[PDB]
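# Coordinates in review
So the chains spell out like this:
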Amino acid sequence: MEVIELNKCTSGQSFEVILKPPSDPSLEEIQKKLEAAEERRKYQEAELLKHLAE
Amino acid sequence: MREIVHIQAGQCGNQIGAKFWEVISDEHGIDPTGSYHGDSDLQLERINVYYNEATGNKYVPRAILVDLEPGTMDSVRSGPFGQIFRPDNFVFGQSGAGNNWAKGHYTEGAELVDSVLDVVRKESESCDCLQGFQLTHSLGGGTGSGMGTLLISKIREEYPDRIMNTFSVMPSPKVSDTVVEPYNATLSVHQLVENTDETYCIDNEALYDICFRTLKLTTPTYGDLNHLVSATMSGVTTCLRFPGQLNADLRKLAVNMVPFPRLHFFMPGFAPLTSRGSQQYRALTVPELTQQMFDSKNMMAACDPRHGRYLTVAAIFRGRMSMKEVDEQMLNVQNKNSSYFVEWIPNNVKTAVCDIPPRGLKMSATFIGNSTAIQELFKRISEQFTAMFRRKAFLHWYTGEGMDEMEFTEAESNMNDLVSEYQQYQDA
Amino acid sequence: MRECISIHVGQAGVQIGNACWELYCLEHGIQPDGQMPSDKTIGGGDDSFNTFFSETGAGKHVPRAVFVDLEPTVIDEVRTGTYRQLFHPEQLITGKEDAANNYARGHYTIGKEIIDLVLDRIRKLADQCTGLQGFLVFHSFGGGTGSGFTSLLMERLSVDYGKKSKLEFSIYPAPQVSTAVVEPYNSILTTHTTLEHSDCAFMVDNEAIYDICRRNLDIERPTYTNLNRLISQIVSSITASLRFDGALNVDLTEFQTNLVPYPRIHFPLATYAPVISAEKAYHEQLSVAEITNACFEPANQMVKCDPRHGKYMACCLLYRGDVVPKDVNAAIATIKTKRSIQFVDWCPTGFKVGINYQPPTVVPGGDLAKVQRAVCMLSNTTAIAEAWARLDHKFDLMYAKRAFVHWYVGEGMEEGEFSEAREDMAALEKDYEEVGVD
Amino acid sequence: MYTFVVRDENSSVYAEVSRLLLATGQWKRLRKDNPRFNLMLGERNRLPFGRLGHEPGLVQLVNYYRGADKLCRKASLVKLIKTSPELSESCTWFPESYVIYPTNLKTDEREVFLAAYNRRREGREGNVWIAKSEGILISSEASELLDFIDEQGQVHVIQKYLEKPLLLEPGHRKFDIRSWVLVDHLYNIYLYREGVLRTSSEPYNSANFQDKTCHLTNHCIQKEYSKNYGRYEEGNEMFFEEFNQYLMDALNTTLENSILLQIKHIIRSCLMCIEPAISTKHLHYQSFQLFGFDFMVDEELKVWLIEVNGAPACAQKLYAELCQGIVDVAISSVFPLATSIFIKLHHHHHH
Ligand SMILES: Nc1nc2c(ncn2[C@@H]2O[C@H](COP(=O)(O)OP(=O)(O)OP(=O)(O)O)[C@@H](O)[C@H]2O)c(=O)[nH]1
Ligand SMILES: Nc1ncnc2c1ncn2[C@@H]1O[C@H](COP(=O)(O)OP(=O)(O)CP(=O)(O)O)[C@@H](O)[C@H]1O
Ligand SMILES: Nc1nc2c(ncn2[C@@H]2O[C@H](COP(=O)(O)OP(=O)(O)O)[C@@H](O)[C@H]2O)c(=O)[nH]1
Ligand SMILES: [Ca+2]
Ligand SMILES: [Ca+2]
Ligand SMILES: [Ca+2]
Ligand SMILES: [Cl-]
Ligand SMILES: [Mg+2]
Ligand SMILES: [Mg+2]
Ligand SMILES: [Mg+2]
Ligand SMILES: [Mg+2]
């Protein structure tokens, strides 16, 4: 069971103990997604106001 | 999401709305002149939700008062809290509406609604962030029913991205002014299904029975009915009026309560039940509150919850009490009655606690269920409708104001569709 | 020295950042006005606490923090509370109306109007950095802001700062304190859109913190304040190696290298011992062996799962207090004999260890007692996938009926994104099962 | 009123446990996929332990131990006995067994198998083996075994056939013993005092191996290929009073000294080995489980463990009692209501 890569300093110490070895989208694709959703919103709102106009 | 605009329309609308403002002003420490005289500052932390701030640090209800005749609004003006209302927010005609949806919606109401919308816009423009609107009215007369649904259509036109919330008293023969009430209700329900986000179904039948059977009042007045309604309204709005985690604005409440757009008709309940005089002195224990609030006889919409299933539930406990105890009790009611809560909406009962109790009680619980049992209410209305409509009885009162039988047929159809949509989920 | 920017998003994110920054100042001896009498390099420097604090000419130490919420009340309590002076106004961003527990409302509708303001206030902090490592993002799965806006933010951080690492502290939804029925929807949605943008995520299940509070703090019904001081203790364990001299997890790349060999399985389990009530009259202090042993009790984990029925890919032990390597090795040696710890066949069976000699700091008048030694273990076990199973199940139950979906579609989302996200989660669950079951 | 759910309907045991649970009037069954249950009587494969223990206000309990399949699959059991120091390759009550994969796939100890079989080739010892994984075969030369293994698809074990079994007279026939073990939520190991001898009805014939009715004692097999099924004992099933009386009258022992001491030792060693991997002592849900341990008695009255079954069925007459026993000590011990049929296996020797 071997202790390795041991480092020490005034404030601590750190080491490794081994027990056994091994056996994106772009800026405007995004403003695209956001504006597609905004236009879906405005279409639904317009169908609402056309129904209310009737 | 702060300010709510309150509209009350018609005789019933305005009587219950007046009682509502009396009750909640007392809870928020506001006197009939709008002067604040309170102890806790939990009272003022969210008082701008329902009140504008005036020049002598006075508080004015964000309240518009609408009628097609002046009788009831005159009596509110001279009522105990009458002088607290902005006098320009009283908007009324002279005609009356004659218990006639068509006069409310198409003829008499068309004349007045533009001035109502002027006052509504004047109130909306002052709001730093408007949440939406709450309307109180009945669905069985004419002004509240017909003109209130008119107003809701106009408001949705001018503010399509705000929440529309109503307290709607349903009519019952047990408490009944005129025989055309089912007609007026069916027409109105057709509007409510399409134009509001959350509707509290306050059934005058259930209010009668609670006054009669459990409260032991022999001959209940509209005063005794409105007492129940004022307390229920207080309770269903406490989460909006006080600092809070849960269902704290109209939209978050809607998201929590309305899984399907049309199924937004809520069954409210109150515990303990109080008769306005008896003043009863017993300590209510949390298990008692929880068992009562869930019991049919404490519910304002005359339906049997065991004939349906809860899609969502919002519970609100008021008073100093153990939140460990209420958490335990809420889980015990759901865990021992799990059959009656749809299994395909997990954790659909959400629960809130607020420190300040209502006047007269150390502890109180308000219930808001979106049960599919509510179909029973609508089914009852539709039977009373068909019994008349199949002989087209009393229709002249409506056709004389320009209406066609086909509008009645559509409204009937849409309500029967609403009830089928409720039963789709009761077997799932 | 290389600077880290913390971004706190939503109610949960802002309230947890509050707790952590309180803690950090206590630990580094920074006071509420922001003065640090122990810092003698006045006006700047490249000590390792500068990783989290910048310095001004007047001696003020300022968190490299941005708080963003779509509604004003919570960040207003930051602006007005005990650390009002710590933060510059431009670091606190509020909207006027929130996201109503709606992922789509926070991501699409309201996110779009504030994303640019937020990226500029972030760029302002990055411009004060000589070498920026990347970001620590605090948020909840369940809230509309914390779920939807966070994912928008993460997409745009990957484009604007593409070479930088990004870490999440994510709050996973629990019914005992949750505020909304659609919290499983929000969780799946934001996990799916943030998965490729985040290099290491520390989940915290509010159910586990809640029961730790009940069971070991003698708290009858925990509040967010109880929850958050415990969570900040764990966060400070996890970040102490960026804020202090050492040789283990000295930068953000090291967290990925040490805890994440496969990029999608980037959800390390955190276990933390001891949690001891400050109102305990007599408490026998616990040994290295006892607390390291506690690291392998499910009752001490930030997510309740069973690591015995999974495999490990990595395990770090972060000790704070009086600990020396020989006691740690003694403890590990006997623990392996008495416990079911099995790593994947393609990974060493070992433990990277970090010790800081300063015992855990605890907030005066908190619930937590002071102790002589405490440990946070970070272990990438496949058993954490239990938490996804749970969530996915709930999701399926509602989406089979399309319950509440209309609230999302009405904000401009498309029904189909629900199932693209759910299928991504299915991929995730099966990645875990491949790696850890036979 | 406690609440429970049922996700294995093909379960003979827990069907009767459901019935007895309901007929208390303190338990109510819910529908299969309702979360708010106290007790899950779960499916066999892919039981969702990950979803148990997360409903506040509900102590939850389940009739299976996560990870106990290690003891109840044949290959898993061979691996568990060999690798674990508490049992070891030196183990005296397990037959010499080896895990073999078909070469259709490609771990595997075939090379290790033939070395032992070759020194038994060479040492004039009996050298018949059984190959197992309905799909079994017994033979004296290895080639037969290995190529049978590979014209099937899946993983097998090859185990020393017990060439000298104890044989009941009249009949000169074979038998195996099945014991019903129940491990509760606290890891008490309860042995059910009634076991059963699943017998053969055809005389045991050491020469012609391929006739499997005298060699394999499955209740399935002798109700299908056996001439005398039902001659000596009803259902080819002798119970413990008759077996004890036979041991007394014919061999001068008793069943507890000659056989049961070893069976209790094997049961407790097996379960106390896996205890740290499957215990639910400090977990957020809790497990119990009914196991069926299967033993073979050789002619010198030495017991050998054959296999462990994770979802066992009971012999008919015993259902009533054992099922009541599952309710009293596994279920009602967690969920109280308003002479005992188990031996609690416990032994703390000092050294
Ligand atoms: N641990 C912890 N959880 C919190 C805290 N605040 C909220 N939550 C949890 O977060 C979820 C709700 O998300 P929030 O962050 O409050 O919502 P939000 O991001 O502000 O989004 P919106 O309010 O919809 O604009 C629920 O699961 C709550 O239990 C907190 O301070 N600590
Ligand atoms: N090593 C061995 N030596 C001699 N006989 C053996 C043996 N292994 C198995 N047998 C015989 O085969 C039968 C056991 O078959 P097996 O162990 O595969 O059970 P099984 O999985 O087929 C059904 P069950 O679960 O009901 O016991 C025993 O009755 C025994 O007579
Ligand atoms: N609960 C309650 N119901 C009322 C009250 N006044 C009238 N109603 C009911 O409302 C219906 C009549 O509507 P109403 O408001 O009087 O007519 P409107 O002014 O034209 O809208 C009938 O069903 C009455 O039972 C009241 O004060 N309380
Ligand atoms: Ca006129
Ligand atoms: Ca400095
Ligand atoms: Ca990246
Ligand atoms: Cl970069
Ligand atoms: Mg005009
Ligand atoms: Mg009237
Ligand atoms: Mg918020
Ligand atoms: Mg078997």
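About the cut-offs
Residues numbered from 1 in each chain as written, not as in the entry; some residues may be left out. Chains lettered and ligands numbered in written order. Part of a larger assembly, values for the part shown. Heavy atoms only, no water. Residues with missing side-chain atoms left out of burial classes, pairs and counts. UniProt positions renumbered as here; feature names shortened; annotations may be inferred. Donors = N, O, S within 2.8 Å, 3.2 Å for Na, K, Ca; no water. Buried < 20%, exposed > 50% of the residue type's maximum accessible area, 1.4 Å probe, protein only. Contact = heavy atoms within 4.5 Å. Salt bridge = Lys/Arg side-chain N within 4 Å of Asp/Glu carboxyl O. Polar contact = N/O pair within 3.5 Å; in protein donor to acceptor, adjacent residues only side chain to side chain. Helix = DSSP H or I, 4+ residues; strand = E, 2+ residues; numbered from the N terminus.

- Chain C is annotated in the PDB entry as Tubulin alpha-1B chain of Sus scrofa.
- Under its PDB record, the entry appears with the title "EPD in complex with tubulin".
- In the Catalytic activity part of its UniProt record, chain C is described as follows: "GTP + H2O = GDP + phosphate + H(+)".
- Listed in UniProt under the heading Sequence similarities, the comment for chain C reads: "Belongs to the tubulin family."

- The PDB entry lists chain B under the name Tubulin beta chain, with Sus scrofa given as the organism.
- According to the UniProt record, the Sequence similarities (unreviewed entry) comment for chain B is "Belongs to the tubulin family."
- A UniProt comment under Subcellular location (unreviewed entry) is attached to chain B, and it reads "Cytoplasm, Cytoskeleton".

### Structural notes on the coordination of the calcium ion (ligand 5)
- Distances from the calcium ion (ligand 5) to its protein donors, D39 of chain C (OD), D39 of chain C (OD), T41 of chain C (O), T41 of chain C (OG1), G44 of chain C (O), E55 of chain C (OE) and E55 of chain C (OE), fall at 2.2 to 2.6 Å.
- A residue is classified by how much of its surface remains accessible, and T41 of chain C, at 39% relative accessible area, is partly exposed.

### Some words on the interface of chain C and chain A
- Across the contact, 43 residues belong to chain C and 32 residues belong to chain A.
- For the pair chain C and chain A, the interface holds 4 salt bridges.
- Residue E414 of chain C pairs with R40 of chain A through a salt bridge whose shortest N-O separation is 4.0 Å.
- Linking chain C with chain A are 13 residue pairs in polar contact, by the criterion used here.
- Among the elements of the structure, helix 3 (103-126), helix 4 (144-160), helix 10 (325-338) and strand 11 (349-356) of chain C are those that each provide at least two residues to the side of chain C that touches chain A.

### What about the UniProt feature "binding site: Mg(2+)" in chain C?
Residues and elements named next belong to chain C.
- The residues that UniProt annotates with the feature "binding site: Mg(2+)" are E71.
- Structurally, the position occupied by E71 is in the loop between strand 4 (65-69) and helix 2 (72-80).
- Since its relative accessible area comes to 17%, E71 is described here as buried.

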